[PDB]
Protein chains: 2
Amino acid sequence: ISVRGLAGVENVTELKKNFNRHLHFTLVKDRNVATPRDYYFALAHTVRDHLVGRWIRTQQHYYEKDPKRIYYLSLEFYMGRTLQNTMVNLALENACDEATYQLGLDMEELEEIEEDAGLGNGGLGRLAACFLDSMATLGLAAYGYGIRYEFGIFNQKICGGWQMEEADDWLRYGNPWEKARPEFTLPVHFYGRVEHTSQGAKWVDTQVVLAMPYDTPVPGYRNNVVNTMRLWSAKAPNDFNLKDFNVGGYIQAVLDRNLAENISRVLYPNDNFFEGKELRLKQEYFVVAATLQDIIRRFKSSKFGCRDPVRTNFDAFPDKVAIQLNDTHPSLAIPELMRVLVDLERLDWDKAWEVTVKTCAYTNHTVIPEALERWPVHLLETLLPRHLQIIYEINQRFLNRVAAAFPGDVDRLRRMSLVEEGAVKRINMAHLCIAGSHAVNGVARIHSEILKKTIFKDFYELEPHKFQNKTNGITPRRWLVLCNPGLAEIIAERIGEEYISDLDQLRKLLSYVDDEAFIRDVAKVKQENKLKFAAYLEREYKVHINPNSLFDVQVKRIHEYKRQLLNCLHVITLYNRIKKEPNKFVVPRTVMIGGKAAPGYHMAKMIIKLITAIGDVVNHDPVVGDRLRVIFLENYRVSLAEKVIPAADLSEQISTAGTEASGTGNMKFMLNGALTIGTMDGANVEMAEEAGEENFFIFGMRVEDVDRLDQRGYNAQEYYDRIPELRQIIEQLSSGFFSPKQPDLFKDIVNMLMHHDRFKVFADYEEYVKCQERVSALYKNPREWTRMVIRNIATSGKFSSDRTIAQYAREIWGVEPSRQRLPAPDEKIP
Amino acid sequence: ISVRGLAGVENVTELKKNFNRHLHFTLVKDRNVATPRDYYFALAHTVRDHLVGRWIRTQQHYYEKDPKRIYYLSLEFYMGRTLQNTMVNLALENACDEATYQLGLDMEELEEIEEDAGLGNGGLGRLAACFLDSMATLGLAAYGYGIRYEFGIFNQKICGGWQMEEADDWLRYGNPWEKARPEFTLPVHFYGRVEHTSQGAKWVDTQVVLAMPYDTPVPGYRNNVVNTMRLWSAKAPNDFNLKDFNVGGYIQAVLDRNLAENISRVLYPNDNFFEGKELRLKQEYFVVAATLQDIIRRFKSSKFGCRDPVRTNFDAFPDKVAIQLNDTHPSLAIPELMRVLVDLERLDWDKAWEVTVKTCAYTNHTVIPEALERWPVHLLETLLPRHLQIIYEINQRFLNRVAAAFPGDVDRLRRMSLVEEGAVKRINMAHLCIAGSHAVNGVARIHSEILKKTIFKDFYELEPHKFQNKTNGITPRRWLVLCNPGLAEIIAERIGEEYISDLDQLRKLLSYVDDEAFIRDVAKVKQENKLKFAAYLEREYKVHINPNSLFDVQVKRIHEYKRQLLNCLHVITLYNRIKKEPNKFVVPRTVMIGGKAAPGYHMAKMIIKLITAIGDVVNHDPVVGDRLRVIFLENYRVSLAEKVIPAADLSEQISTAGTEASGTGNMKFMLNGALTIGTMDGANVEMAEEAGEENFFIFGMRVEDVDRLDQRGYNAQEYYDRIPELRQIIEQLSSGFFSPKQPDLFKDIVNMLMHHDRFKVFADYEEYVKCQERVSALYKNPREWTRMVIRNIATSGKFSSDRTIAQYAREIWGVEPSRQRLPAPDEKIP
Ligand SMILES: *Cc1c(COP(=O)(O)O)cnc(C)c1O
Ligand SMILES: *Cc1c(COP(=O)(O)O)cnc(C)c1O
Ligand SMILES: O=P(O)(O)OC[C@H]1O[C@H](O)C[C@@H](O)[C@@H]1O
Ligand SMILES: O=P(O)(O)OC[C@H]1O[C@H](O)C[C@@H](O)[C@@H]1O
């Protein structure tokens, strides 16, 4: 059937009775009333049963051996569905497929019922999920720590061409994967004040919110390692949240509990944009405060909570603990770790600081200013009084270091401060992270260099040793084996199965680049994938596409820097050329654009309306026929990504050079048989460098050209003046060609493009359509297109998150990865 | 070990492996980290496994045979713990005891970990729980319908002698008994307006709240019948509760969902007191609206949703459905049933009314005016516009009936109206229930008569056939076998086990009233029970009592009508007499008073403070020694009741004649070997009538005397003037003898007692202490005390809820009870 494992005789039988056990005992139903949803839960519980045995022994193991623990703090974990992925990593897919078949059910149909765990916005949240899978696969004693939001990223609905947001109640029917652990509930403090008494400061008169943990298993790939992802839930204490007496109402007091619990209710839907709301800041401290207590508790036990030197010496803390900051969101971990060590454990400042800097590491994800976390001091002052005091003290000592290193450089002092003066004083969280971490890293080589040359130049000059680079990557398991079994199978037919946990081996496919059978096969799976997607489209969304056309897709969050607008300009150009010479042949294309816009991002929502507007015109023009279709992929999410990427021919990674830190969707497309048209931005550079620029469609300005243009001054009018095709499009938008009933509907877009384009869209237009012509030319030659595809796939190995993690492990965390199978799952009950 | 069933070889082994299965697979723990709480859950899941098989077949059965269904609507279901009760009804107690023993655990210790299901206030809520058990035991196709509050009755804490309320988060660790059924979620409407168009009225522009059901199994006693208790939870739709667009905030919109969901958040802690809050009215419509849709859906299927006459003829509705109203709380079921039949199903008014009256029945629980539900019309007008219109129309037609029956009786017309004029117009819910129900019943013979003679006299004259009586009762399973296995065993040694489901057979114990061994045994179990309670007291609450003293206990909600105050006056009297003649012998007593006061009931909370105040003085007076102890039983609830009642010698049921409708605690004490000192009120009359007034300690005014006194005019000063002992007590309270630091602390109590005593406490004082002397005299003669106890126990059979239900079944519901074992639980999987 494929290498989805063995469909053993004993195990298919075992699976079936357990499926029935759960349907009866767990779901309390009987075959005559069970619905596809009940069937999905019976299977889910059956699959979950197979990894609890391994989960327990993996955790017990770490307790016995006591290795260095890796804590990955992130406010986002974009997990997606977990049924299939678990089957894959446990080599249970074929057996389950067989068993459910014999039970007379379609597994694929049941998989579609599982709700996505959308606890993320985009890149940052998905990176964290890929990292978790890789860390488990490399046998690291790693824990994912975050917030269990009851409402993840909103579900997007397109009404009248506009985006409509609606609550993502992903827990409505329950989550069979998580395991509530009320018994490990911890208290977290807010507000209050600071008392300076005799021997130390005291954080007093605080409001308490409880943090209840929920554990979700993270199985490695076929090695029997099952790590833990612990998500915190907010819970109100029963006392003061009732006991602070003297009139108010008993009923009201109970109803008001949903005020402390609102902390974990919803994820902020902002991608690469900072919103200084109090609720956000509370979420950030909540995950940090709770997580640290858990970290120290585990440390206090270790082998020190037995003997060792005997005296809670936190000198070994950094040797046993490593906490990674996914961006600046969990940055309060730095002052919080100090608060505990100094205030509670009573270590002297300097010893505490040494421990802190040595166990923390920060990962930066973007260079755009509006994405930078700068919290107003009045907010920190009110909510976390003691932490503000600690930050000021950290700032005081750090600046003194700078003054001593650069005597008389007074501007450098204000530039590097963690405290920013002005309208309102703010705390620069990124500066806090650099100072309290022993390693700071970019997510792609060019991004890492830009940090050193630009944004954090002063910091780099101060401590050059801190700055590193760790190019992102994706997990080959979910992003290849799981979403594209067809491609995975043909690859395995030639080079084996070891590449799933050793992607570098894909290089061996280079020697089949002229193989006639392989070329035919690679081309065949892509065709089958396109056919399956085209079908899904009519199935779930309804209104036909042509599977023979080139599948041009751009899927990612809607941003001005991602330039979905530049994609739009090309689409309109194609249309206009067809309308000019109707009876001329052009390569057919289905351009698919999908993504979510943050609710308050007006421009982004205006762009979604433009895309659908273009589609309304283009898709109903009889002269165009089936040569050009414009489709807006609704509710883009992980599960939707697993469907479109395998069916894509052209991947669009066209951000303005220097704005996309790395990107990961790009890598997803490369490994799945799509060719890339993009700019020399983020990881695109390392991808073209790995595949050879000849096998990539690079166009536009490089970083240097962008900067030259800024010195000069960017004037969009010039481009409008010298390019008639560009002019024609802008006047079409301005006159209502795309919005008849509301002719001035797109005035904001035109106004912006002509007068305040921060991402110089017009500047890359000419080179962009010229380059698009080149891809169309190559698509006309199937054999050569496929051969170039083989060159990309065979060369994408460097982009596996296993490689990224192995580097973090060795160069930051100080641990050694291991592909050693944990001693089976085998029963056992001590 | 006792007759807690057989401890079979095959079944004790089977239990143990399943206990381990769950500990591993369900709890995801391993013996080395499992805590008593984990052990309790493994056992709970193991026990729950044994009744799912029976649950499924019982329900499937009713679907096949299609008998008349009984729907018990109640806003309260005071369930308590369910582990032991399930073991008892499934004859699993000994096997579980054995198995857990072999696993090296104490079952009793694990039982104590289960949280009470406190979804009730007192009598009314517990009656509903006893009824559910009896209905299952008598094999009736009955369903309990209510609200799944996430916060039940508050947990009471005594601080400084004052009651402190704190949230009852009974779901914190989860509920292994319930089964969420998200797939049967229903929509419920609120607000909106009424549109009168061409063919009928339309309820329009309504706010929608979803009702999600949770099913809990209700096993009958050893007959393999497992009925269902369905509790509704409020859930916000994802749409409008987000989709009603045009600024407000996306985050805020999501946070605001906890506004529609506040409907099922907390139970109103009012016992026999009406609070006209909107939230309450919403809870009342919510349970009614959701439940009815479920009832009709099941009816539409029946055997009509196949064939029968063919044409949704609701003429057979009353033949297939019976809905019982537990008080007036679910009274909106009457107009709601009409709304559906008329507005949605389009039946003519008269046909709809006929169906409605014929399927509904109302149970009244009290005669005090402040407990009566009179909803302001402006509230119904805003929240349920169409229902108000229907009520007015029902009122119009009913009054016309009255006018036609009593021509010219204009006062009778205003007196009987469902609408009350005055300050604000209100809707008398009790009048609504009488008019739209075919049967109205009291809960005790005297209460039932009072309804006919007083409160509902006019209604009785109009339709004498509606009014009935159904004396309350309690379940012998939880209230004897479960809480007092020792007494149950010795009874079974003589007369067998058939009495557990046929309590009348207790009469056979009358022939052992002179049996020397029995007298010794009955006396022995009571001593063992007292010893176990005295221990529990020091264990969990700490500060000694003497097990040889008479255990004088009064446990029920704190009310002015229950007269805990009269109990207090006696306690102080005892104290004062001892202080007068210290070296005189008096029978030792431990008087225990326990109960919860509604948060806003100032007097009730003042009484709790008085009780603890008396204890502070009495319990620390060296001259008193161990002869007199005053203890306030904290957090009285079902689980606490199962501990004190079996250990009681004297039961206090001293309400003012004519105020306690029936009472049920009284019956609990009678069946458990306690003698009763009380007034001729509620069921007390039927109890003394059953045991013989000679075996009861009756004192005080009868109803007639109370009324004579009211004609005359009650003057408390008279009693104060003629009774020196009474005078001495009042002046002690007034001068601070019981409150040194705050001498005027109890001025409200004294003021009330002397000037506004609605329950004439002083009037029953003399006869009360005189009578208390008589019980002390009899306690001095162990043999005779025990013999009188045997007379009460042997004669309590009439007070089993099986008898009550059998009567409801035959005289109201029109169904026949059956003690037929359902065809085993046996596997099966169709
Ligand atoms: C991989 C992924 C992303 C990131 O895409 P980029 O093109 O790097 O912005 C965003 N959303 C989802 C659903 C993803 O799977
Ligand atoms: C039986 C019971 C009641 C009712 O007691 P009465 O004396 O009839 O008021 C109240 N609360 C609990 C805990 C009960 O078990
Ligand atoms: O003790 P910590 O590491 O917090 O948690 C360890 C626990 O993790 C998971 O919930 C699985 C469970 O078997 C294990 O006992
Ligand atoms: O169809 P209704 O009567 O609503 O519910 C019937 C269901 O009740 C319970 O949840 C047990 C389950 O086995 C049964 O199928």
Side-chain angles (χ1 to χ4, degrees), chain A residues 20 23-25 27-32 35 37-38 48-49 52-53 55-57 60 151 154-155 157 164-169 172-174 179-180 182-183 185 212 215 235-236 238-239 241-243 245 249-251 253-255 257-258 261-262 265-266 268-269 277 279 599-600 828-830, chain B residues 20 23-25 27-32 35 37-38 48-49 52-53 55-57 60 151 154-155 157 164-169 172-174 179-180 182-183 185 212 215 235-236 238-239 241-243 245 249-251 253-255 257-258 261-262 265-266 268-269 277 279 599-600 828-830:
Chain A
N20 289 309
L23 186 61
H24 192 72
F25 294 101
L27 267 20
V28 192
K29 291 260 176 133
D30 125 283
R31 294 297 308 236
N32 298 279
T35 63
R37 165 156 287 102
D38 302 304
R48 168 203 186 253
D49 274 351
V52 281
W55 198 6
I56 281 161
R57 20 200 326 143
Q60 175 51 278
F151 293 112
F154 65 84
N155 272 305
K157 285 244 175 96
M164 295 307 290
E165 297 92 37
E166 107 186 349
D168 167 42
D169 203 345
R172 172 176 58 255
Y173 295 79
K179 180 71 229 273
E183 64 266 35
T185 291
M212 164 165 306
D215 294 346
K235 250 268 210 221
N238 316 322
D239 89 313
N241 233 94
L242 217 308
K243 119 138 134 117
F245 78 136
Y250 157 81
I251 298 288
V254 167
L255 296 194
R257 290 170 58 94
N258 300 298
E261 303 181 350
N262 270 349
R265 188 107 36 218
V266 63
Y268 268 83
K277 301 309 227 245
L279 189 50
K828 65 96 193 41
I829 222 304
Chain B
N20 289 309
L23 186 61
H24 192 72
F25 294 101
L27 267 20
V28 192
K29 291 260 176 133
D30 125 283
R31 294 297 308 236
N32 298 279
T35 63
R37 165 156 287 102
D38 302 304
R48 168 203 186 253
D49 274 351
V52 281
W55 198 6
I56 281 161
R57 20 200 326 143
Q60 175 51 278
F151 293 112
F154 65 84
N155 272 305
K157 285 244 175 96
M164 295 307 290
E165 297 92 37
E166 107 186 349
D168 167 42
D169 203 345
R172 172 176 58 255
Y173 295 79
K179 180 71 229 273
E183 64 266 35
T185 291
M212 164 165 306
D215 294 346
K235 250 268 210 221
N238 316 322
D239 89 313
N241 233 94
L242 217 308
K243 119 138 134 117
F245 78 136
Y250 157 81
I251 298 288
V254 167
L255 296 194
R257 290 170 58 94
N258 300 298
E261 303 181 350
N262 270 349
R265 188 107 36 218
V266 63
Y268 268 83
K277 301 309 227 245
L279 189 50
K828 65 96 193 41
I829 222 304

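Numbers restart at 1 for each chain; the letters A, B, ... are given by sequence-line order, proteins then strands.
Counting only heavy atoms from C-beta outward, the side chains of B:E183 and A:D38 approach each other to under 4.5 Å. Put simply, the side chain of B:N238 reaches to within 4.5 Å of the side chain of A:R172, judged on heavy atoms.
Contact count against chain A (heavy-atom pairs under 4.5 Å) is highest for B:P830 among B:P599, B:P830, B:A253, B:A236. Each of A:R37, A:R265, A:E166 has some count of heavy-atom pairs under 4.5 Å with chain B, and the biggest count is that of A:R265. For the set A:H24, A:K157, A:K243, A:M164, the count of heavy-atom pairs under 4.5 angstrom toward chain B peaks at A:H24. Put simply, of A:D49, A:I829, A:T185, the one with the most heavy-atom pairs under 4.5 Å next to chain B is A:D49. Among B:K235, B:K277, B:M212, the residue making the largest number of heavy-atom pairs under 4.5 Å with chain A is B:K235. Of the listed residues B:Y250, B:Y268, B:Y173, the one with more heavy-atom pairs under 4.5 angstrom with chain A than any other is B:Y250. Across B:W55, B:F154, B:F245, the residue that shares the most heavy-atom pairs under 4.5 angstrom with chain A is B:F154.
Atom CG of A:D30 is separated from atom CZ of B:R57 by 10.5 Å, given to the nearest 0.5 angstrom. For the atom pair CG of B:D239 and CG of A:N155, the computed distance is 12.5 Å after rounding to the nearest 0.5 Å. Between B:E261 atom CD and A:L255 atom CG the span is 12.5 Å, to the nearest 0.5 Å.
With a 4.5 angstrom heavy-atom cutoff, B:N258 touches chain A only via side-chain atoms. With a 4.5 angstrom heavy-atom cutoff, B:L23 does not touch chain A via any of its atoms. With a threshold of 4.5 angstrom between heavy atoms, A:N32 approaches chain B through side-chain atoms but not through N, CA, C or O. Both the backbone and the side chain of B:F25 come within contact range of chain A, each with at least one heavy atom under 4.5 Å from a heavy atom of that chain. Of the atoms belonging to A:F151, it is side-chain heavy atoms, and not backbone ones, that fall under 4.5 Å from chain B. Only the side chain of A:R257 comes within contact range of chain B, judged by heavy atoms closer than 4.5 Å.
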Going through the distances and angles, do A:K179 and A:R48 end up as a side-chain contact (heavy atoms from CB on, under 4.5 Å)?
CA-CA 11 Å; A:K179 180 71 229 273; A:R48 168 203 186 253; 4.0 Å; yes

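Within 6.0 Å of NZ on B:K828 lie more than 12 heavy atoms contributed by other residues, nucleotides or ligands.
Heavy-atom minimum distance, B:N262 versus B:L279: O-CD1, 3.8 Å.
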